[PDB]
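The block underneath contains the structure these notes are about, expressed in structure tokens.
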Amino acid sequence: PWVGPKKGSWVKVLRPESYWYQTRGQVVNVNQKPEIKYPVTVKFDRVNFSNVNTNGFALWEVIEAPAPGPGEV
Amino acid sequence: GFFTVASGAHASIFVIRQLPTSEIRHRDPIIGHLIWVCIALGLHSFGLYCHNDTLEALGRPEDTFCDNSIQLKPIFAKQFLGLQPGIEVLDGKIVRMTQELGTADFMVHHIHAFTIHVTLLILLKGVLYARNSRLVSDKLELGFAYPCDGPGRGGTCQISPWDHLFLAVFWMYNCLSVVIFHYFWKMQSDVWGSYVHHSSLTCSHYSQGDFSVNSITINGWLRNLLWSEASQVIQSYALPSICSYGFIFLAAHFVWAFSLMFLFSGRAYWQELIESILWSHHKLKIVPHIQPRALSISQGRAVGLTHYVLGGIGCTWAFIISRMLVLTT
Ligand code: CLA
Ligand code: CLA
Ligand code: CLA
Ligand SMILES: CC1=C(/C=C/C(C)=C/C=C/C(C)=C/C=C/C=C(C)/C=C/C=C(C)/C=C/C2=C(C)CCCC2(C)C)C(C)(C)CCC1
Ligand SMILES: CC1=C(C/C=C(\C)CCC[C@H](C)CCC[C@H](C)CCCC(C)C)C(=O)c2ccccc2C1=O
């Protein structure tokens, strides 16, 4: 079964040190291997200071959220 | 000055992009001796001025370097035109007059040499140490215009030829400002002016020939040149002719001061402030998708340098032009 969020669904990042903390991204993929500490892959339209668009998060660092509306990050 | 610093810049770029000449392989002696000559020149030339200031303040003019006191005669400054004695005049003005050199001219010329040599030192160091150095050995890989290599090895700030130019421009501006002040004051005091009646004329100069007596001290430069001759520009508001020059004087002071912002501050403070500000925009749903960023390090340096030079040049421009316009009319 799918351990993490569904592929393509929007997840709100809960990692305090993340550039996208409390903002939402799209789940690119989730690693089903139980040995992966940070399986979920989330991409965001806003590049961070290092011009990086995607990142890897653990199952406890992302929660399911609705897609951003107009003017929402 | 600007084109000389440009030549230094593009010499550095050529060294980065192409193979340098073999004089770069003993660069350490070259720059070491240039450093020594810069230090010795600055010490002697400027410390003569400082000695004059201190001794005159203490009340010992006999101990200062001047024509009446200990005098440094420019023996090598010899004539070559072989002109006839006298001056050339045209309708109440001195079109041509010989410039008489003394201790003040000696001191100011050696100040000129010192500043030229320090600017050359900065440019030559940037050119010769562009590819690599003892600090960082892959400066060629880093390129031409990079801010640093990191806080490591003590800190590698402004190791790039771009930053070497960024400093050589400051030094060129300093040199040219001193040159402009020397020319302006010397011409006003000893060359330009009117005359009052074989006929012998007593020449009334605009600055009253005070260069040879007051230029020997930094206080003399501050008082008789900046303060005394800023009367025209500083008091130009009511006058229709030069009110613009007075306003530009003020605005150039403002711009020069504003440059210090970028010259002293750093990227991270402004980036963090921008993020804190952007919090409110995001709160109110004002989301700029071209995400605001603080100016890069090199850009901040460039902006600071540009504003600094522009403000200084504007102040000098307005001051000299106001003085000349008022005096001649
Ligand atoms: C052991 C002491 C010593 C010695 C023998 C030298 C020797 C030299 N230095 Mg100097 N130098 C020293 C200390 C010393 N330095 C220190 C501590 C500094 C750091 C501020 C420098 C910074 C320095 C620079 C930046 C440069 C030199 C240069 C030179 C060379 C030319 C001479 C010159 O212009 O010096 C000028 C500088 C001096 C400090 C003079 C030498 C100091 C003497 C020996 C002091 C002896 C008396 C002392 C004050 C007694 C105090 C006693 C009290 C505390 C009880 C020469 C090889 C120049 C060079 O390389 O030219 C090619 C050069 O550009 N030096
Ligand atoms: C330190 C470097 C330096 C620099 C950049 C200048 C720059 C200038 N000097 Mg010179 N000058 C210097 C040293 C220097 N001087 C020294 C040490 C003295 C003796 C006190 C003088 C005495 C002097 C006079 C009297 C006059 C100038 C003038 C000038 C102008 C050039 C025209 C001229 O006649 O030059 C002449 C240049 C010299 C006489 C110096 C020769 C070059 C050096 C000193 C050779 C040393 C090398 C030696 C073989 C090895 C030394 C080893 C070391 C370990 C001790 C210009 C502003 C003229 C000017 O325009 O005045 C308004 C002028 O009238 N200078
Ligand atoms: C709050 C006080 C204040 C402040 C912060 C400033 C700030 C400034 N003034 Mg000043 N100014 C002030 C009060 C102040 N002024 C007052 C009360 C007046 C009277 C109305 C003036 C009149 C005035 C004039 C007329 C001018 C300035 C200049 C400037 C600018 C200097 C920029 C620079 O880098 O110079 C660098 C500093 C120097 C080049 C030194 C110049 C003065 C000394 C005494 C010359 C000594 C020469 C001697 C041969 C030794 C040289 C050594 C050499 C190695 C450098 C700057 C905006 C001048 C400028 O733009 O300079 C380029 C300029 O034109 N000011
Ligand atoms: C590129 C480069 C650069 C720059 C350079 C320059 C700036 C140069 C200049 C040059 C020059 C500008 C030169 C000139 C020369 C001159 C000459 C060579 C002349 C001489 C003279 C004579 C020889 C004379 C003599 C006399 C006498 C003494 C007396 C009487 C007689 C007679 C007149 C004969 C830099 C470093 C930045 C960087 C790297 C690269
Ligand atoms: C202030 C500052 C900033 C912040 C400055 C920024 C972001 C510049 C702002 C750019 C604006 C948006 C360009 C538009 C031009 C001006 C607003 C024009 C004003 C003209 C007046 C006459 C009204 C840096 O990012 C920085 C970085 C590195 C070293 C020093 C500094 C530095 O000093």
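Numbering starts fresh at 1 for the residues of each chain in the structure tokens, the chains themselves are lettered A, B, ... in the order given, and ligands are numbered from 1 as they appear.
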For a quick test of understanding: name the residues of chain B lying within 10 Å of chain A when counting only C-alpha atoms, and present them as a tab-separated table (two decimals) with N, CA and C atoms, in the first residue's frame.
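Writing the result to selection_38.tsv gives the following:
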```
chain	number	residue	atom	x	y	z
B	271	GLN	N	18.70	40.58	2.92
B	271	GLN	CA	17.87	39.44	2.55
B	271	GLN	C	16.89	39.09	3.66
B	281	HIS	N	3.33	40.96	2.83
B	281	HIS	CA	2.75	40.85	1.49
B	281	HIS	C	2.05	39.51	1.32
B	282	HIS	N	2.71	38.43	1.74
B	282	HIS	CA	2.08	37.11	1.66
B	282	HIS	C	0.83	37.05	2.53
B	283	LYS	N	0.88	37.68	3.71
B	283	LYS	CA	-0.29	37.71	4.58
B	283	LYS	C	-1.47	38.35	3.88
B	284	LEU	N	-1.24	39.46	3.19
B	284	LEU	CA	-2.29	40.17	2.48
B	284	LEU	C	-2.52	39.64	1.07
B	285	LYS	N	-1.86	38.54	0.70
B	285	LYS	CA	-2.02	37.86	-0.58
B	285	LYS	C	-1.32	38.58	-1.72
B	286	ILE	N	-0.41	39.49	-1.41
B	286	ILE	CA	0.43	40.12	-2.43
B	286	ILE	C	1.64	39.20	-2.59
B	287	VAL	N	1.57	38.29	-3.56
B	287	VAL	CA	2.63	37.31	-3.77
B	287	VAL	C	3.38	37.66	-5.04
B	288	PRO	N	4.56	38.30	-4.95
B	288	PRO	CA	5.37	38.51	-6.16
B	288	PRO	C	6.09	37.23	-6.54
B	289	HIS	N	5.80	36.72	-7.73
B	289	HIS	CA	6.38	35.46	-8.17
B	289	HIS	C	7.79	35.61	-8.72
B	290	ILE	N	8.23	36.83	-9.01
B	290	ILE	CA	9.65	37.13	-9.17
B	290	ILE	C	10.14	37.44	-7.76
B	291	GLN	N	10.56	36.40	-7.05
B	291	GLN	CA	10.77	36.52	-5.62
B	291	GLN	C	11.80	37.60	-5.33
B	293	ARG	N	14.88	39.57	-3.92
B	293	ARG	CA	16.17	39.14	-3.41
B	293	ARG	C	17.03	40.36	-3.13
```
Quiz item: Out of chain A, which residues get strand (DSSP E or B) from DSSP, as number ranges by chain?
Solution: A: 10-13, 24-29, 40-43, 54-57, 62-64
Restrict the calculation to only C-alpha atoms and all ligand atoms, then for each residue of chain B with any atom at most 6 Å from an atom of ligand 2 give the closest atom pair and their distance in Å to one decimal, rows by chain and rising residue number, as a Markdown table.
```
| residue | atom | partner | partner_atom_place_in_ligand_line | distance |
| --- | --- | --- | --- | --- |
| B:37 | CA | ligand 2 | 1 (C) | 5.6 |
| B:41 | CA | ligand 2 | 1 (C) | 5.1 |
| B:74 | CA | ligand 2 | 64 (O) | 3.0 |
| B:75 | CA | ligand 2 | 64 (O) | 4.5 |
| B:76 | CA | ligand 2 | 64 (O) | 4.0 |
| B:77 | CA | ligand 2 | 64 (O) | 4.5 |
| B:105 | CA | ligand 2 | 62 (C) | 5.1 |
| B:106 | CA | ligand 2 | 62 (C) | 3.7 |
| B:109 | CA | ligand 2 | 57 (C) | 4.2 |
| B:110 | CA | ligand 2 | 57 (C) | 4.3 |
| B:113 | CA | ligand 2 | 5 (C) | 4.9 |
```
Per residue of chain B within 7 Å of ligand 4, note the shortest atom pair and the distance in Å to one decimal, counting only C-alpha atoms and all ligand atoms, and order the rows by chain and increasing residue number, as JSON lines.
```
{"residue": "B:4", "atom": "CA", "partner": "ligand 4", "partner_atom_place_in_ligand_line": "7 (C)", "distance": 5.5}
{"residue": "B:5", "atom": "CA", "partner": "ligand 4", "partner_atom_place_in_ligand_line": "37 (C)", "distance": 6.1}
{"residue": "B:7", "atom": "CA", "partner": "ligand 4", "partner_atom_place_in_ligand_line": "37 (C)", "distance": 5.3}
{"residue": "B:8", "atom": "CA", "partner": "ligand 4", "partner_atom_place_in_ligand_line": "38 (C)", "distance": 3.9}
{"residue": "B:11", "atom": "CA", "partner": "ligand 4", "partner_atom_place_in_ligand_line": "40 (C)", "distance": 5.3}
{"residue": "B:80", "atom": "CA", "partner": "ligand 4", "partner_atom_place_in_ligand_line": "30 (C)", "distance": 6.8}
{"residue": "B:120", "atom": "CA", "partner": "ligand 4", "partner_atom_place_in_ligand_line": "36 (C)", "distance": 5.7}
{"residue": "B:123", "atom": "CA", "partner": "ligand 4", "partner_atom_place_in_ligand_line": "37 (C)", "distance": 5.6}
{"residue": "B:124", "atom": "CA", "partner": "ligand 4", "partner_atom_place_in_ligand_line": "38 (C)", "distance": 5.5}
{"residue": "B:127", "atom": "CA", "partner": "ligand 4", "partner_atom_place_in_ligand_line": "39 (C)", "distance": 6.5}
```
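When only C-alpha atoms are used to compute distances to residue A:17, the closest of the residues A:30, A:61, A:36, A:44 turns out to be A:61.
Take atom CA of residue B:216 and atom 61 (O, counted along the ligand's line) of ligand 3: the distance between them is 18.7 Å.
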Quiz prompt | Pick from B:209, B:266, B:300, B:47 nearest to residue B:100, counting only C-alpha atoms | solution = B:209
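The residue set within 9 Å of stretch 248-256 of chain B, counting only C-alpha atoms and dropping same-chain residues fewer than 4 places from it, reads residues 233, 234, 243, 244, 260, 304, 307, 308, 309, 310, 311, 312, 313, 314, 315, 316, 317, 318 and 319 of chain B.
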Prev. selection, N, CA, C and O atoms, output as a PDB file, in the first residue's frame:
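Saved file part.pdb follows:
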```pdb
ATOM      1  N   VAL B 233      29.505  78.320  -3.598  1.00  0.00           N
ATOM      2  CA  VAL B 233      28.536  77.243  -3.772  1.00  0.00           C
ATOM      3  C   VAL B 233      27.609  77.155  -2.567  1.00  0.00           C
ATOM      4  O   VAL B 233      26.404  76.915  -2.710  1.00  0.00           O
ATOM      5  N   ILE B 234      28.150  77.340  -1.362  1.00  0.00           N
ATOM      6  CA  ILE B 234      27.328  77.227  -0.163  1.00  0.00           C
ATOM      7  C   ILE B 234      26.323  78.370  -0.081  1.00  0.00           C
ATOM      8  O   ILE B 234      25.203  78.184   0.411  1.00  0.00           O
ATOM      9  N   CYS B 243      22.318  78.761  -8.213  1.00  0.00           N
ATOM     10  CA  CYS B 243      21.457  78.056  -7.270  1.00  0.00           C
ATOM     11  C   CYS B 243      21.383  76.573  -7.609  1.00  0.00           C
ATOM     12  O   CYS B 243      21.344  75.721  -6.712  1.00  0.00           O
ATOM     13  N   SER B 244      21.363  76.245  -8.902  1.00  0.00           N
ATOM     14  CA  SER B 244      21.419  74.847  -9.306  1.00  0.00           C
ATOM     15  C   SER B 244      22.705  74.194  -8.826  1.00  0.00           C
ATOM     16  O   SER B 244      22.698  73.036  -8.398  1.00  0.00           O
ATOM     17  N   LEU B 260      27.546  54.918   1.242  1.00  0.00           N
ATOM     18  CA  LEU B 260      28.158  54.219   2.366  1.00  0.00           C
ATOM     19  C   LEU B 260      27.274  53.085   2.859  1.00  0.00           C
ATOM     20  O   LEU B 260      27.781  52.090   3.386  1.00  0.00           O
ATOM     21  N   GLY B 304      27.619  50.672  -4.460  1.00  0.00           N
ATOM     22  CA  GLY B 304      28.284  51.556  -3.523  1.00  0.00           C
ATOM     23  C   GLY B 304      29.386  52.364  -4.179  1.00  0.00           C
ATOM     24  O   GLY B 304      29.496  53.570  -3.962  1.00  0.00           O
ATOM     25  N   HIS B 307      27.810  55.105  -6.546  1.00  0.00           N
ATOM     26  CA  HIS B 307      27.240  56.231  -5.815  1.00  0.00           C
ATOM     27  C   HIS B 307      28.324  57.051  -5.127  1.00  0.00           C
ATOM     28  O   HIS B 307      28.269  58.284  -5.128  1.00  0.00           O
ATOM     29  N   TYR B 308      29.323  56.387  -4.541  1.00  0.00           N
ATOM     30  CA  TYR B 308      30.414  57.096  -3.880  1.00  0.00           C
ATOM     31  C   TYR B 308      31.132  58.023  -4.852  1.00  0.00           C
ATOM     32  O   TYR B 308      31.287  59.227  -4.592  1.00  0.00           O
ATOM     33  N   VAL B 309      31.567  57.477  -5.988  1.00  0.00           N
ATOM     34  CA  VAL B 309      32.316  58.275  -6.951  1.00  0.00           C
ATOM     35  C   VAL B 309      31.442  59.385  -7.513  1.00  0.00           C
ATOM     36  O   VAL B 309      31.892  60.525  -7.668  1.00  0.00           O
ATOM     37  N   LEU B 310      30.182  59.075  -7.833  1.00  0.00           N
ATOM     38  CA  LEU B 310      29.303  60.090  -8.399  1.00  0.00           C
ATOM     39  C   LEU B 310      29.070  61.230  -7.418  1.00  0.00           C
ATOM     40  O   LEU B 310      29.107  62.400  -7.804  1.00  0.00           O
ATOM     41  N   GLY B 311      28.836  60.913  -6.144  1.00  0.00           N
ATOM     42  CA  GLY B 311      28.619  61.963  -5.165  1.00  0.00           C
ATOM     43  C   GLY B 311      29.845  62.834  -4.971  1.00  0.00           C
ATOM     44  O   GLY B 311      29.753  64.065  -4.945  1.00  0.00           O
ATOM     45  N   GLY B 312      31.013  62.207  -4.831  1.00  0.00           N
ATOM     46  CA  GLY B 312      32.227  62.992  -4.671  1.00  0.00           C
ATOM     47  C   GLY B 312      32.495  63.879  -5.871  1.00  0.00           C
ATOM     48  O   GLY B 312      32.811  65.070  -5.733  1.00  0.00           O
ATOM     49  N   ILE B 313      32.358  63.314  -7.072  1.00  0.00           N
ATOM     50  CA  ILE B 313      32.607  64.074  -8.288  1.00  0.00           C
ATOM     51  C   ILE B 313      31.600  65.204  -8.420  1.00  0.00           C
ATOM     52  O   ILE B 313      31.940  66.298  -8.874  1.00  0.00           O
ATOM     53  N   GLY B 314      30.347  64.965  -8.030  1.00  0.00           N
ATOM     54  CA  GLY B 314      29.352  66.019  -8.107  1.00  0.00           C
ATOM     55  C   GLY B 314      29.638  67.156  -7.151  1.00  0.00           C
ATOM     56  O   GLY B 314      29.491  68.329  -7.506  1.00  0.00           O
ATOM     57  N   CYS B 315      30.046  66.831  -5.925  1.00  0.00           N
ATOM     58  CA  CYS B 315      30.419  67.877  -4.980  1.00  0.00           C
ATOM     59  C   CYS B 315      31.567  68.714  -5.528  1.00  0.00           C
ATOM     60  O   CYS B 315      31.504  69.950  -5.532  1.00  0.00           O
ATOM     61  N   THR B 316      32.623  68.055  -6.012  1.00  0.00           N
ATOM     62  CA  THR B 316      33.757  68.799  -6.554  1.00  0.00           C
ATOM     63  C   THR B 316      33.343  69.629  -7.763  1.00  0.00           C
ATOM     64  O   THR B 316      33.739  70.793  -7.898  1.00  0.00           O
ATOM     65  N   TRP B 317      32.542  69.039  -8.650  1.00  0.00           N
ATOM     66  CA  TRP B 317      32.079  69.718  -9.852  1.00  0.00           C
ATOM     67  C   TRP B 317      31.341  70.999  -9.499  1.00  0.00           C
ATOM     68  O   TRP B 317      31.695  72.088  -9.971  1.00  0.00           O
ATOM     69  N   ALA B 318      30.327  70.889  -8.640  1.00  0.00           N
ATOM     70  CA  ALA B 318      29.545  72.060  -8.271  1.00  0.00           C
ATOM     71  C   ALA B 318      30.410  73.095  -7.573  1.00  0.00           C
ATOM     72  O   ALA B 318      30.323  74.289  -7.875  1.00  0.00           O
ATOM     73  N   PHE B 319      31.267  72.658  -6.649  1.00  0.00           N
ATOM     74  CA  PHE B 319      32.094  73.599  -5.903  1.00  0.00           C
ATOM     75  C   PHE B 319      32.983  74.412  -6.839  1.00  0.00           C
ATOM     76  O   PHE B 319      32.956  75.652  -6.826  1.00  0.00           O
TER      77      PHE B 319
END
```
Quiz item: Between B:108, B:178, B:122, B:57, which is the closest to residue B:166 once you count only C-alpha atoms?
Solution: B:122
Quiz item: Once you count only C-alpha atoms and all ligand atoms, which residues end up within 10 Å of ligand 5, and could you hand them over as a VMD selection string?
Solution: chain B and resid 258 to 274 292 to 304
Would you list the contacts of residue B:3 as a PDB file with C-alpha atoms, in the first residue's frame, taking every protein, DNA or RNA residue within 12 Å and counting only C-alpha atoms, but skipping same-chain residues closer than 4 positions in sequence?
```
ATOM      1  CA  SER B   7      42.941  49.194 -18.546  1.00  0.00           C
ATOM      2  CA  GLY B   8      43.736  47.446 -15.278  1.00  0.00           C
ATOM      3  CA  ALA B   9      40.366  45.689 -15.319  1.00  0.00           C
ATOM      4  CA  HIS B  10      40.709  44.387 -18.853  1.00  0.00           C
ATOM      5  CA  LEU B 165      39.327  47.130  -9.580  1.00  0.00           C
ATOM      6  CA  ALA B 168      41.517  50.748  -7.460  1.00  0.00           C
ATOM      7  CA  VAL B 169      38.572  52.930  -8.495  1.00  0.00           C
ATOM      8  CA  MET B 172      41.962  56.575  -8.583  1.00  0.00           C
ATOM      9  CA  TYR B 173      39.148  58.840  -7.407  1.00  0.00           C
TER      10      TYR B 173
END
```
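Residues in contact with ligand 1 (atom pairs separated by at most 7 Å; only C-alpha atoms and all ligand atoms) are residues 32, 33, 35, 36 and 39 of chain B.
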Self-check item: Who sits within 9 Å of residue A:27, only C-alpha atoms, same chain under 3 positions skipped, as a PyMOL selection string
Solution: chain A and resi 5-11+30+40-43
Self-check item: Within 12 Å of residue B:155 using only C-alpha atoms, minus same-chain residues under 5 positions, as a PyMOL selection string
Solution: chain B and resi 135-136+147-150
Exercise. Write out as a PyMOL selection string which residues come within 9 Å of residue B:224 when counting only C-alpha atoms, dropping same-chain ones fewer than 3 positions away.
Key: chain B and resi 185+207+210-211+214-215+219-221+227-229
Using the selection just defined, write its residues with N, CA, C and O atoms as a PDB file, in the first residue's frame.
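selection_23.pdb written:
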```pdb
ATOM      1  N   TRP B 185      43.625  75.159  -6.818  1.00  0.00           N
ATOM      2  CA  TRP B 185      44.186  76.114  -5.872  1.00  0.00           C
ATOM      3  C   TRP B 185      45.429  76.789  -6.434  1.00  0.00           C
ATOM      4  O   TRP B 185      45.595  78.004  -6.293  1.00  0.00           O
ATOM      5  N   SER B 207      42.727  83.743  -5.492  1.00  0.00           N
ATOM      6  CA  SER B 207      42.964  83.207  -4.159  1.00  0.00           C
ATOM      7  C   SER B 207      44.016  83.993  -3.390  1.00  0.00           C
ATOM      8  O   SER B 207      44.299  83.658  -2.235  1.00  0.00           O
ATOM      9  N   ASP B 210      47.727  82.372  -1.838  1.00  0.00           N
ATOM     10  CA  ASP B 210      47.792  81.711  -0.543  1.00  0.00           C
ATOM     11  C   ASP B 210      48.203  80.250  -0.640  1.00  0.00           C
ATOM     12  O   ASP B 210      48.346  79.595   0.397  1.00  0.00           O
ATOM     13  N   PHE B 211      48.392  79.719  -1.849  1.00  0.00           N
ATOM     14  CA  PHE B 211      48.780  78.319  -1.983  1.00  0.00           C
ATOM     15  C   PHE B 211      50.147  78.069  -1.360  1.00  0.00           C
ATOM     16  O   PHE B 211      50.340  77.094  -0.625  1.00  0.00           O
ATOM     17  N   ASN B 214      49.714  78.464   2.684  1.00  0.00           N
ATOM     18  CA  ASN B 214      48.740  77.658   3.402  1.00  0.00           C
ATOM     19  C   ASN B 214      48.689  76.209   2.948  1.00  0.00           C
ATOM     20  O   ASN B 214      48.307  75.347   3.743  1.00  0.00           O
ATOM     21  N   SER B 215      49.078  75.914   1.708  1.00  0.00           N
ATOM     22  CA  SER B 215      49.004  74.547   1.213  1.00  0.00           C
ATOM     23  C   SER B 215      49.972  73.609   1.918  1.00  0.00           C
ATOM     24  O   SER B 215      49.866  72.394   1.736  1.00  0.00           O
ATOM     25  N   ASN B 219      45.443  71.495   7.442  1.00  0.00           N
ATOM     26  CA  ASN B 219      44.507  72.513   7.908  1.00  0.00           C
ATOM     27  C   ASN B 219      44.399  73.648   6.901  1.00  0.00           C
ATOM     28  O   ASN B 219      43.312  74.196   6.687  1.00  0.00           O
ATOM     29  N   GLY B 220      45.518  74.024   6.285  1.00  0.00           N
ATOM     30  CA  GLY B 220      45.463  75.036   5.245  1.00  0.00           C
ATOM     31  C   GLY B 220      44.626  74.597   4.061  1.00  0.00           C
ATOM     32  O   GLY B 220      43.854  75.383   3.511  1.00  0.00           O
ATOM     33  N   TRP B 221      44.762  73.334   3.655  1.00  0.00           N
ATOM     34  CA  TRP B 221      43.906  72.819   2.590  1.00  0.00           C
ATOM     35  C   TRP B 221      42.439  72.847   3.001  1.00  0.00           C
ATOM     36  O   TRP B 221      41.569  73.220   2.207  1.00  0.00           O
ATOM     37  N   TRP B 227      36.728  75.199   2.828  1.00  0.00           N
ATOM     38  CA  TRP B 227      35.839  76.098   3.554  1.00  0.00           C
ATOM     39  C   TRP B 227      35.806  77.482   2.915  1.00  0.00           C
ATOM     40  O   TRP B 227      34.731  78.027   2.646  1.00  0.00           O
ATOM     41  N   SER B 228      36.979  78.067   2.666  1.00  0.00           N
ATOM     42  CA  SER B 228      37.027  79.445   2.190  1.00  0.00           C
ATOM     43  C   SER B 228      36.427  79.579   0.796  1.00  0.00           C
ATOM     44  O   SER B 228      35.694  80.535   0.522  1.00  0.00           O
ATOM     45  N   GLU B 229      36.723  78.638  -0.096  1.00  0.00           N
ATOM     46  CA  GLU B 229      36.265  78.720  -1.476  1.00  0.00           C
ATOM     47  C   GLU B 229      34.925  78.036  -1.704  1.00  0.00           C
ATOM     48  O   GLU B 229      34.421  78.060  -2.830  1.00  0.00           O
TER      49      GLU B 229
END
```
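Compared by their closest atoms to residue A:16, and using only C-alpha atoms, the residues A:62, A:50, A:28, A:37 rank with A:62 nearest.
Taking atom 42 (C, counted along the ligand's line) of ligand 3 and atom CA of residue B:247 as endpoints, the distance between them is 20.5 Å.
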